[PDB]
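Report on one structure; see the data block that follows.
Number of protein chains: 2
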Amino acid sequence: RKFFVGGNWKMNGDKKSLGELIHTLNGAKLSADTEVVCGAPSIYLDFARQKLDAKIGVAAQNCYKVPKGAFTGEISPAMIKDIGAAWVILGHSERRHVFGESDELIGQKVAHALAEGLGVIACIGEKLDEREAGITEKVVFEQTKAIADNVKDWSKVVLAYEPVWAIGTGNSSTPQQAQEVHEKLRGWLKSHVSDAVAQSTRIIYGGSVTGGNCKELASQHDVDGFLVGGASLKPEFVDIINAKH
Amino acid sequence: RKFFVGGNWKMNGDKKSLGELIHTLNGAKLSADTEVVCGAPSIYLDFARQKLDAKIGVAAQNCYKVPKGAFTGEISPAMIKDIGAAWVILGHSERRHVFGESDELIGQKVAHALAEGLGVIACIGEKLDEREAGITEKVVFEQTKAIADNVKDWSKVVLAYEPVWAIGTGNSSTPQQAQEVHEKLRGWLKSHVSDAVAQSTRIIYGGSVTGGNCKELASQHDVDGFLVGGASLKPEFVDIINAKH
Numbered sequence: 004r005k006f007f008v009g010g011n012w013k014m015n016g017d018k019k020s021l022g023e024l025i026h027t028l029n030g031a032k033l034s035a036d037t038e039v040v041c042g043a044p045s046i047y048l049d050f051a052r053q054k055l056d057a058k059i060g061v062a063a064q065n066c067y068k069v070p071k072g073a074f075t076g077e078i079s080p081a082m083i084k085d086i087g088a089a090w091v092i093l094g095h096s097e098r099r100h101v102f103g104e105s106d107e108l109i110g111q112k113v114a115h116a117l118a119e120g121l122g123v124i125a126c127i128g129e130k131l132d133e134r135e136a137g138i139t140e141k142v143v144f145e146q147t148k149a150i151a152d153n154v155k156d157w158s159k160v161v162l163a164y165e166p167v168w169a170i171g172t173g174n175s176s177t178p179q180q181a182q183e184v185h186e187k188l189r190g191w192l193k194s195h196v197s198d199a200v201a202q203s204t205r206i207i208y209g210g211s212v213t214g215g216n217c218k219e220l221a222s223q224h225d226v227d228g229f230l231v232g233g234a235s236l237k238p239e240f241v242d243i244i245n246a247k248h
Numbered sequence: 004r005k006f007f008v009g010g011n012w013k014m015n016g017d018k019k020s021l022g023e024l025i026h027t028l029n030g031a032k033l034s035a036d037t038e039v040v041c042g043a044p045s046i047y048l049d050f051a052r053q054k055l056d057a058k059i060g061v062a063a064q065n066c067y068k069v070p071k072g073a074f075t076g077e078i079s080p081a082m083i084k085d086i087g088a089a090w091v092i093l094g095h096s097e098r099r100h101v102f103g104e105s106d107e108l109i110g111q112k113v114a115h116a117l118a119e120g121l122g123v124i125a126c127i128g129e130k131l132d133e134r135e136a137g138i139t140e141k142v143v144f145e146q147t148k149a150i151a152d153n154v155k156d157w158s159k160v161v162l163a164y165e166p167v168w169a170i171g172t173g174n175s176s177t178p179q180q181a182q183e184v185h186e187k188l189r190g191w192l193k194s195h196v197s198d199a200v201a202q203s204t205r206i207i208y209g210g211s212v213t214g215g216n217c218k219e220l221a222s223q224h225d226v227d228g229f230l231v232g233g234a235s236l237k238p239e240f241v242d243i244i245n246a247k248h
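What follows is the structure, encoded as structure tokens:
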């Protein structure tokens, strides 16, 4: 399983600052066997794919579930590929919990994105109240199933476990905490899809990943890399790409 | 009051087909006294502004309510300006009724967009069940109020009345239905803002505007132009821009 690091830029940047960000990435010393993907704001996807080195992938931060139609403000996979990008992040915590995106809708987006030839970083995660009541597993299993029912081919899917309480808070999951969820998620894929899919599917951690904490998380058996928010806008994104070196 | 025609491309097009659409519009004989604005998908906003002639405006189809932050999938007015565009469509029917955007959220977006220096096309409109229950006035007044509460300066605001039952359905408002509402909306601006704002604010109609029905809609005293969806993608958008001549 190849180590995978996505950078979710979220709603940040302009052409100048993202140009500097990209320029630094392009000239940085990166471990050759990290698969790197940068999720840019939709308004800069075209710019980002033109400027970023071709061996670094580009992800839309969201999309809708048909190629075209009367959905003011939405973009489709067809548009994302037209721009040269090959990934989309779906089901991100902010889409679910600020913008009310349901499991059903996310599963539809996953099915469509994959049929259109995109790769998907599919995000799941529990809220603090769910963790404390002891349902972490039931919650991420329910979310993963709603994704898995819409995945016919896992080659181009990466699951992203991000506890909601870890996103942007400075409170990352402990290495042990992430490992136990990733292990359970991989056991879920083994039981519900196949053994081949469990052993080949990347499950990446996200939630306040930094240069200072990435090494210990990445040495965990079932953590396959990271989805990185805040630190993806910083030079230390490079150290996270190189978390195993 | 200057006649105003916006075209909302919605989730349609790629670089090739929009490049063709833009080329035709650029070359078309357009009435010089029509203010024209095209609402491009976010992924193509930069491309659209490069390609469209400067006398045609470019609108984002939606935006968020702060300049930056942890809002995966969103774009800000600062990003819209960075790309050279000066408008945004807010509170569109699809945002409200497909994507659950509330009056309070649209209001905060309106305040922020205007403070950042954008123009806003603020959309309102009742649903079929609301019209059929005799409640049209109450719904559009409530919607208009939530916009007005967040507008200090109306110079760069256009109000767009688009009853939801007319959007995309082929079932336009009649000239008389539309006039009855526009007239009430203008009277609302008169009583709750000022006479000056009532006589100077464009209130445009939208909902299945076509080449064949636009002239009779535009000659109504209080219809000041159009927000055009599906016909914005066709040659007849030219005829709608020329509705007064």
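These protein sequence lines are chains A and B, in that order. Here the first sequence is numbered in the deposited numbering, starting from 4 and rising by one per residue. Here the second sequence is numbered in the deposited numbering, starting from 4 and rising by one per residue. For every residue, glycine included, the Cβ atom is placed at its ideal position computed from N, Cα and C.
Practice task
Step through the CB atoms of chain A and report whether any lies within less than 9 Å of the CB of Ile25 (chain B).
Solution key: Counting from one through the second sequence, the residue named residue 25 (chain B) turns up at place 22. False, the Cβ-Cβ gap to chain A never drops below 9 Å.
Handout entry: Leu24 (chain A) versus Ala89 (chain A) - alpha carbon distance
Key = The sequence position of residue 24 (chain A) within the first sequence is 21, counting from 1. The sequence position of residue 89 (chain A) within the first sequence is 86, counting from 1. Rounded to whole angstroms, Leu24 (chain A) to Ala89 (chain A) spans 20 Å at the Cα level.
Exercise for the section: Using a threshold of 9 Å, state whether the C-beta atoms of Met82 (chain A) and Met82 (chain B) are closer than that. Expected result: On the first sequence, position 79 is the one that residue 82 (chain A) refers to. On the second sequence, position 79 is the one that residue 82 (chain B) refers to. No, Cβ-Cβ distance for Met82 (chain A) and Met82 (chain B) is not below 9 Å.
Practice task
May I ask you to list the residues that DSSP assigns as paired with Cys126 (chain A)?
Solution key: Position 123 of the first sequence holds residue 126 (chain A). According to DSSP, which records beta bridges pairwise, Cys126 (chain A) is partnered with A:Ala163.
Handout entry: Any C-beta of chain A under 9 Å from that of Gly16 (chain B)
Key = Within the second sequence, numbered from 1, the residue matching residue 16 (chain B) stands at position 13. For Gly16 (chain B), the answer is yes, since a Cβ of chain A falls inside 9 Å of its Cβ.
Practice task
Starting from the beta carbon of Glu97 (chain B), find every residue of chain A whose beta carbon is closer than 9 Å, and list them in chain order.
Solution key: For the purposes of this step, residue 97 (chain B) is taken as residue 94 along the second sequence, with counting starting at 1. Near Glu97 (chain B) (Cβ distances below 9 Å), the residues of chain A are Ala73, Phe74, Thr75, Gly76, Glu77.
Handout entry: First through last residue of the alpha helix (DSSP H) which encompasses residue 1 (chain B)
Key = Here chain B comprises residues numbered 4 to 248, so residue 1 (chain B) is not present and cannot be evaluated.
Practice task
Enumerate in chain order the residues of its own chain whose CB-to-CB distance from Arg189 (chain B) is below 7 Å, with the five nearest sequence positions on each side excluded.
Solution key: Position 186 of the second sequence, counted from the first residue, corresponds to residue 189 (chain B). Closer than 7 Å at Cβ, skipping near neighbours: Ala201, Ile206, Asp225.
Handout entry: Closest Cα partner of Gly30 (chain A) within the set A:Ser197, A:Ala57, A:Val61, A:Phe6
Key = Numbered from 1 along the first sequence, position 27 holds the residue referred to as residue 30 (chain A). Among A:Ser197, A:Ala57, A:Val61, A:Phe6, the Cα nearest to that of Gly30 (chain A) belongs to A:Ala57.
Practice task
Quick one: measure Cβ to Cβ for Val231 (chain A) and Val212 (chain A), integer angstroms, because I've assumed they're closer than 8 Å.
Solution key: Counting from 1 along the first sequence, the entry for residue 231 (chain A) is found at position 228. Counting from 1 along the first sequence, the entry for residue 212 (chain A) is found at position 209. Going by Cβ atoms, the distance from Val231 (chain A) to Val212 (chain A) rounds to 5 Å, so yes, they are a contact pair.
Exercise for the section: Determine the direct distance from the alpha carbon of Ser222 (chain B) to that of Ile86 (chain B), and round the result to whole angstroms. Expected result: Locating residue 86 (chain B) in the second sequence gives position 83, where the first residue counts as 1. Locating residue 222 (chain B) in the second sequence gives position 219, where the first residue counts as 1. Answer to the nearest angstrom: the Cα atoms are 36 Å apart.
Handout entry: Within-9 Å CB hit, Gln182 (chain A) to chain B
Key = Residue numbering aside, residue 182 (chain A) sits at position 179 when the first sequence is read from its first letter. With 9 Å as the cut-off, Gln182 (chain A) does not count as an interface residue toward chain B.
Handout entry: Spatial neighbours of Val40 (chain A) in its chain, beta-carbon cut-off 6 Å, leaving aside the 5 residues before and after
Key = Residue mapping note: residue 40 (chain A) aligns to position 37 of the first sequence, counting from 1. Once the five neighbours on either side are set aside, the close Cβ partners of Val40 (chain A) are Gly9, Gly60, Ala62, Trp90.
Practice task
Please decide whether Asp106 (chain B) counts as near chain A, where near means a Cβ-Cβ distance under 9 Å.
Solution key: On the second sequence, residue 106 (chain B) is found 103 positions in, with the first residue counted as 1. It does not: the Cβ of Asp106 (chain B) has no partner Cβ on chain A nearer than 9 Å.
Problem - chain A residues whose Cβ lies nearer than 9 Å to that of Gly128 (chain B) - result: Within the second sequence, the letter at position 125 stands for residue 128 (chain B). Those within 9 Å of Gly128 (chain B) in chain A number zero; the least Cβ separation is about 13 Å.
Exercise for the section: Can you have a look at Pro238 (chain A) and say buried or exposed, based on whether 16 or more other CB atoms are within 10 angstroms of its CB? Expected result: If you number the first sequence from 1, residue 238 (chain A) lands on position 235. That one is exposed.
Exercise for the section: Could you say if the region 108 to 125 of chain A and the region 143 to 156 of chain A meet the contact criterion of at least three C-beta pairs nearer than 8 Å? Expected result: yes
Practice task
Examine chain A for any beta-carbon lying closer than 9 Å to the beta-carbon of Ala246 (chain B), and answer yes or no.
Solution key: Taking the first residue of the second sequence as position 1, residue 246 (chain B) is located at position 243. Chain A contact via Cβ: absent.
Handout entry: Test item: CB-CB of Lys68 (chain B) and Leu108 (chain B) under 9 Å
Key = Numbered from 1 along the second sequence, position 65 holds the residue referred to as residue 68 (chain B). Numbered from 1 along the second sequence, position 105 holds the residue referred to as residue 108 (chain B). Yes.
Exercise for the section: Report the three-state DSSP secondary structure of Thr27 (chain B) (helix, strand or coil). Expected result: The sequence position of residue 27 (chain B) within the second sequence is 24, counting from 1. Note: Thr27 (chain B) maps to helix in three-state DSSP.
Practice task
Name, going along the chain, the residues of the region 187 to 207 of chain A whose beta-carbon falls closer than 9 Å to a beta-carbon of chain B.
Solution key: none
Exercise for the section: Within the same chain, show all residues whose beta-carbon is closer than 8 Å to that of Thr75 (chain B), passing over the 5 residues directly before and after it, in chain order. Expected result: Counting from 1 along the second sequence, the entry for residue 75 (chain B) is found at position 72. Correct list: empty, nothing qualifies.
Problem - Residue closest to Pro166 (chain B), alpha-carbon to alpha-carbon, out of B:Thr37, B:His95, B:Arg4 - result: Position 163 of the second sequence, counting from 1, holds the residue named residue 166 (chain B). Nearest option by C-alpha distance: B:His95.
Practice task
Give the interface partners of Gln64 (chain B) over in chain A, defined as CB-CB distance under 7 Å, in chain order.
Solution key: Numbered from its first residue, the second sequence carries residue 64 (chain B) at position 61. The answer, in chain order, is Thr75, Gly76.
Handout entry: Rounded straight-line distance, which links the Cα of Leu192 (chain A) to that of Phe7 (chain A)
Key = Sequence index remark: in the first sequence, residue 7 (chain A) carries index 4 (1-based). Sequence index remark: in the first sequence, residue 192 (chain A) carries index 189 (1-based). Cα to Cα, the separation comes out at about 18 Å.
Problem - Per DSSP, cross-strand counterpart(s) of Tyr208 (chain B) - result: On the second sequence, residue 208 (chain B) is found 205 positions in, with the first residue counted as 1. According to DSSP, which records beta bridges pairwise, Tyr208 (chain B) is partnered with B:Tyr164, B:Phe229.
Practice task
Determine the contact status of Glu77 (chain A) and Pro44 (chain B), defining contact as a CB-CB distance below 9 Å.
Solution key: What you label residue 77 (chain A) is simply residue 74 of the first sequence in a count that begins at 1. What you label residue 44 (chain B) is simply residue 41 of the second sequence in a count that begins at 1. Yes; because the gap between Cβ atoms is below 9 Å, this pair is in contact.
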